[PDB]
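See below for the structure under consideration.
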Ligand SMILES: Nc1nc2cc(CN3C(=O)c4cc(F)ccc4[C@]34CCN(Cc3ccc(F)cc3)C4=O)[nH]c2cc1F
Ligand SMILES: Nc1nc2cc(CN3C(=O)c4cc(F)ccc4[C@]34CCN(Cc3ccc(F)cc3)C4=O)[nH]c2cc1F
Ligand SMILES: CSC[C@H]1O[C@@H](n2cnc3c(N)ncnc32)[C@H](O)[C@@H]1O
Ligand SMILES: CSC[C@H]1O[C@@H](n2cnc3c(N)ncnc32)[C@H](O)[C@@H]1O
């Protein structure tokens with residue numbers, strides 16, 4: 021279908037867009053060639069079959085993280101130390117490279133798009149965090165705030181200048197590019217994943233390496251719960267008015283939590299690391315997970 | 320290491336014999352009328368980087384018979400090579416197993432097991448113990464390749480090699496430990512005092528109740544010259560299937576093959592030997608649950624001390 | 320040896336505690352109404368010359384409960400003692416088994432297992448490994464005596480003991496091997512620089528999936544005096560059942576008992592320690608399929624070399 | 013003239029990568045043996061029973077290529093001194109696996125990081141590997157001149173950078189090294205790969221590394237200034253350091269992306285060559301001495317002995 025013959029084993033990311041087309045990133049973390057790829061599925065249930073895809077392309081290197089940039093654009097965190105932007109064509113069959121700037125000195129491990137949609141922030145294994153402009157295709161600022169590998173960065177949903185970050189230096193940093201000193205440290213185990221609350225601009229949650237999911241307010247007093255037995259890789263809120271939090275880990279399980287961090291759903295469907303989750307915009311009770319076992323499981327969440 | 324497997328693979332005569340050995344065994348076990356009905360279950364025990372897997376594929380193609388391959392290998396570094404080959408080249412016909420053959424719980428019994436677990440003294444890599452432990456998942460009418468192997472010994476006079484061993488004395492161990500351990504060596508400046516004689520033999524599959532791999536062998540070597548004994552050169556022969564053999568015994572040496580140099584069992588003190596006298600050597604293969612080792616002693620024309628008692632100086636790890 | 324078992328048996332306090340431990344466990348497991356219906360299956364794992372068998376008999380009589388005894392013992396020399404006792408005294412109530420507990424295929428599951436596999440550092444006789452291997456023939460609601468044991472460490476200054484270890488240098492091994500191995504010693508002319516702290520703990524029956532007996536423990540010892548560290552004294556505590564305990568930890572030492580002297584982990588080089596400084600020691604329990612050993616290192620106030628890496632100087636045989 | 017290599021943490025095709033690196037004049041290539049992000053489980057199911065190959069085949073290069081042109085790297089996720097018991101145990105098994113594979117390939121060197129104070133369990137595992145089998149493979153400990161915490165940008169509002177002169181505190185990275193090599197009992201297989209930062213520390217901090225086994229000097233691309241022509245150069249501070257390092261005859265490694273995008277990547281190396289040629293030449297002393305550097309010889313006794 022005007023795309024690579026075969027995609028890679030380790031599925032790294034999975035995102036839904038407005039209408040409900042499932043974006044897929046995948047990396048080869050084993051074998052001769054260690055590259056990555058991007059895929060589109062207008063039919064979510066056809067995944068991850070390469071013969072039944074809308075779009076697909078082979079990248080130069082592996083895909084560490086990606087995110088939906090509107091409906092056409094795809095932003096990539098590459099191992100080469102480059103942030104890559106791809107754009108779907110008008111037909112939405114091909115995927116042409118928009119830009120591919122090698123600015124990071126090491127693997128780019130996390131990326132997130134800011135409110136405006138013309139800007140994004142990246143985090144690398146090198147300590148730098150960089151602010152990008154997608155229009156001019158240049159780095160606006162470069163910040164060496166942490167003292168270790170930047171694990172996760174997360175843009176504020178409704179604030180352009182604000183974003184979170186976390187690193188192996190055991191620092192959760194709340195940023196604001198308006199301040200002269202933008203970073204601000206939020207007061212045991214290393215932070216691995218971040219997620220802003222969709223309805224509340226002052227609230228966020230973070231998962232650690234020990235498996236604890238936590239609930240933090242900007243003002244202060248925090249709530250938490252031992253959800254997973256191993257490191258929490260990602261945290262994604264549902265599109266509901268009263269949101270459910272989907273948590274995913276390296277213990278090869280999925281858990282859906284309520285507002286009070288209480289376990290609602292459990293799914294030991296994956297046999298390998300669970301890498302990403304994405305709620306279906308059409309059906310809010312559906313949730314799609316991807317893992318290194320090369321499964322694309324669709325979960326019926328009781329809501 | 321990788322380059323240790325590399326030099327093994329750079330011996331095409333050995334694998335051509337293995338190819339031919341399997342080729343014949345396929346024809347004997349599977350008739351012409353059951354060509355595409357019967358799929359033979361082969362199991363390469365100790366697959367390494369997979370020269371036998373390949374040979375088994377070639378053997379099946381020239382024979383024109385169906386096979387199902389396993390590739391058991393304990394070394395996890397080599398298993399990386401196997402799986403990359405298996406993904407790219409072989410496919411689902413070869414099932415790479417990353418395990419000890421003595422431990423592995425087989426999901427199927429084998430018609431043939433193929434191994435390459437032989438050193439310069441045949442059983443010095445504990446091929447007996449490994450294949451005994453892998454024997455349970457062989458069919459009651461199953462074949463082993465090799466089906467048999469024997470070790471040979473011959474007394475040698477070499478003032479050079481004696482003086483070479485002497486110089487392997489190391490800090491923080493017995494002063495004479497170097498004399499109580501075998502060496503792999505291309506024997507050049509030496510004198511073979513008597514013709515090689517068989518020492519230890521092993522048959523697979525072993526069907527002797529309470530299988531014991533401990534041994535004790537007395538050899539008498541008629542000497543026809545005055546000389547001074549310094550050690551015993553070791554060789555081996557192996558029967559792969561029937562008339563398919565490998566050998567490093569000088570008189571029956573496989574031509575061109577260079578995958579095994581001879582082994583040398585030294586002695587602490589040189590022993591003078593007059594013409595007409597018989598050199599009498601005694602060789603033990605000993606073991607416990609953890610180790611296997613050899614001991615040896617000269618008993619004629621004069622007695623030596625027993626070498627390597629309790630494997631103090633040299634053991635082979637189980 | 321016989322006289323090694325003799326001196327073990329010449330400690331009546333230990334066995335009275337074992338007697339009392341079993342006594343209580345019988346009462347808890349068997350109610351009054353099931354006195355002559357329920358026969359408890361006891362299994363002494365490592366029976367020796369049978370002090371526990373006897374204690375188990377006494378415990379059952381004072382409790383007035385029915386028991387069925389096994390006496391598993393691997394040492395065949397001791398089994399001679401057991402069988403002669405069993406024939407003359409015990410009878411068919413005691414079933415003497417001559418086997419390893421890790422190997423033995425039990426014809427019945429146990430309600431209680433009783434063991435005496437503890438050394439001066441508790442787990443230095445590989446009680447964890449043995450009881451893990453004997454765990455399968457324990458009932459799902461079965462008890463182990465001891466049910467738990469812990470090892471303790473305390474830094475010591477002794478220019479005497481340091482100089483004593485020094486003088487254990489032997490031919491034909493590492494010049495500093497003597498410093499990388501523990502010693503059982505009645506510590507007399509020494510100074511305990513800090514209070515003992517717990518090092519390694521073990522619970523039986525172990526219910527942690529994929530049971531791992533490897534460990535790594537960091538201890539910080541606050542020193543309140545100037546001194547020179549020469550090693551670490553080792554002690555242990557064990558919980559037999561509940562409030563029934565044995566201990567050689569000085570502060571909680573069982574009164575009268577003399578069946579375990581303290582153990583000593585030396586260091587190659589003495590380390591000066593000022594008042595107010597913290598001595599930081601690191602202890603590993605390591606293992607492979609054949610051996611178990613300890614490694615250790617001081618990290619504060621100055622670093623020492625890691626002692627006994629890969630069990631080069633000292634191993635405990637499996 | 014100068015022996016130089018290339019550090020990469022991204023190798024999509026091992027054969028193609030070398031070709032590019034070799035064309036740019038580099039002598040060897042520092043790269044991972046397992047994919048940096050390929051995190052592996054060894055205890056908990058079902059991730060421990062992950063199928064398929066764990067990394068690349070050894071057949072992709074010749075034995076000689078592995079032996080001379082490749083330097084191994086420990087994967088970044090491996091943290092043997094983690095506070096979490098699970099991550100510790102996993103990192104132990106992973107560290108041995110990677111080190112064993114390094115020895116299998118017969119690599120001449122292997123990089124391990126010293127990026128924190130406590131590297132005790134790291135040292136305990138490495139020492140065990142050294143005393144398992146026999147190998148001549150060196151181990152280059154990646155240690156920075158200045159710790160990452162001490163060269164971070166002062167851009168955190170409620171956590172300002174230490175503006176105090178801490179004489180002992182600025183020497184901390186040496187103490188990281190000292191403790192590590194002491195634990196390992198001065199193994200001759202363990203050497204330093206000294207990572208040079210943007211801002212060089214005080215002179216005393218640099219003098220600390222005199223008499224230490226420095227085998228490599230890692231140079232990031234970020235530390236390079238740009239001249240009027242528009243090509244990479246170094247400061248007069250860094251120039252004096254490189255001049256000192258050339259006397260020790262270390263192997264210079266280049267790490268990081270091409271910040272000088274307009275020019276080739278050879279330009280970085282060409283500058284080190286430029287510095288190599290432009291040094292004070294060896295006098296009659298150093299001409300003759302060249303060969304006997306730190307070579308122990310017994311004092312002559314022409315009375316007792318006849319020369
Ligand atoms: N399982 C196997 N074991 C074995 C066991 C062997 C013999 N062997 C050693 O024991 C040994 C020990 C050493 F330190 C070094 C080399 C060897 C050899 C392997 C190769 N070689 C011949 C040679 C070497 C060098 C050469 F320039 C020409 C020829 C030996 O003498 N070859 C096997 C092949 C298998 F498949
Ligand atoms: N399984 C058992 N293990 C153990 C392990 C121990 C301690 N131990 C040694 O390790 C050891 C090593 C030696 F070379 C010599 C002696 C010991 C002892 C056993 C006796 N004794 C005390 C003592 C000795 C002499 C004395 F005049 C007074 C008192 C120890 O110190 N006692 C057990 C009893 C069990 F049932
Ligand atoms: C090709 S040389 C012989 C091969 O057999 C392997 N081997 C030796 N003993 C065993 C065993 N018990 N189980 C599995 N493989 C083994 C060795 O790792 C080597 O790769
Ligand atoms: C009474 S001292 C401990 C006793 O336990 C025995 N023992 C130790 N390990 C085992 C084992 N694995 N199986 C059986 N007996 C054992 C020893 O031989 C000793 O007599």
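Residue numbers (PDB author numbering), protein chains in the order written: chain B, 21 to 207, 212 to 244, 247 to 329; chain A, 320 to 637; chain A', 320 to 637; chain A'', 13 to 319. A prime marks a further copy of an entry chain.
All C-beta atoms, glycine included, are put in the ideal place defined by N, C-alpha and C.
Roughly how many angstroms separate the alpha carbons of residue i and residue j, rounded to a whole number?
i                        : j                        : result
residue 549 of chain A   : residue 609 of chain A   : 31 Å
residue 263 of chain A'' : residue 403 of chain A   : 33 Å
residue 370 of chain A'  : residue 235 of chain B   : 49 Å
residue 270 of chain A'' : residue 95 of chain B    : 21 Å
residue 567 of chain A'  : residue 556 of chain A'  : 7 Å
residue 238 of chain A'' : residue 286 of chain A'' : 15 Å
residue 42 of chain B    : residue 261 of chain B   : 18 Å
residue 439 of chain A'  : residue 554 of chain A'  : 6 Å
residue 387 of chain A'  : residue 517 of chain A'  : 36 Å
residue 55 of chain B    : residue 120 of chain A'' : 27 Å
residue 320 of chain A'  : residue 397 of chain A'  : 8 Å
residue 196 of chain B   : residue 126 of chain B   : 25 Å
Are residue i and residue j touching if we call contact CB-CB under 9 Å?
i                        : j                        : result
residue 473 of chain A'  : residue 513 of chain A'  : yes
residue 160 of chain B   : residue 108 of chain B   : no
residue 625 of chain A'  : residue 615 of chain A'  : yes
residue 582 of chain A'  : residue 502 of chain A'  : yes
residue 70 of chain B    : residue 49 of chain B    : no
residue 210 of chain A'' : residue 277 of chain B   : no
residue 230 of chain A'' : residue 267 of chain A'' : yes
Helix or strand or just coil, what does DSSP make of residue i?
i                        : result
residue 622 of chain A'  : coil
residue 107 of chain A'' : helix
residue 393 of chain A'  : coil
residue 468 of chain A'  : strand
residue 316 of chain A'' : coil
residue 559 of chain A'  : coil
residue 280 of chain A'' : helix
residue 142 of chain B   : strand
Nearest by alpha-carbon distance to residue i: which of the options is it?
i                      : options                    : result
residue 593 of chain A : A/505, A/396, A/619        : A/619
residue 360 of chain A : A/461, A/509, A/630        : A/461
residue 437 of chain A : A/357, A/520, A/632, A/590 : A/520
residue 311 of chain B : B/38, B/329, B/301, B/76   : B/329
residue 449 of chain A : A/328, A/511, A/393        : A/393
Does ligand 6 have even one heavy atom less than 8 Å from the beta-carbon of residue i?
i                      : result
residue 444 of chain A : Ligand 6 is not among the ligands present in this structure, which contains only ligand 1, ligand 2, ligand 3 and ligand 4.
Just by C-beta distance, which residues in the region 535 to 558 of chain A' are closer than 7 Å to chain A''? 535
Going along the chain, which residues of the region 403 to 416 of chain A sit with their C-beta nearer than 8 Å to a C-beta in chain B? 403, 406, 407
Pull out every residue of the region 604 to 627 of chain A' whose Cβ sits closer than 7 Å to any Cβ of chain A, in chain order. 609
Taking beta-carbon pairs under 7 Å, can you tell me which members of the region 483 to 505 of chain A lie near chain A'? 491, 492, 493
Check distances from the C-beta atoms of the region 68 to 91 of chain B to those of chain A'' and list, in chain order, the residues that come in under 8 Å. 80, 81, 82, 84
In chain order, what residues of the region 156 to 183 of chain A'' put their CB closer than 7 Å to some CB of chain B? 160, 161, 164, 165, 167, 168, 169, 170, 171
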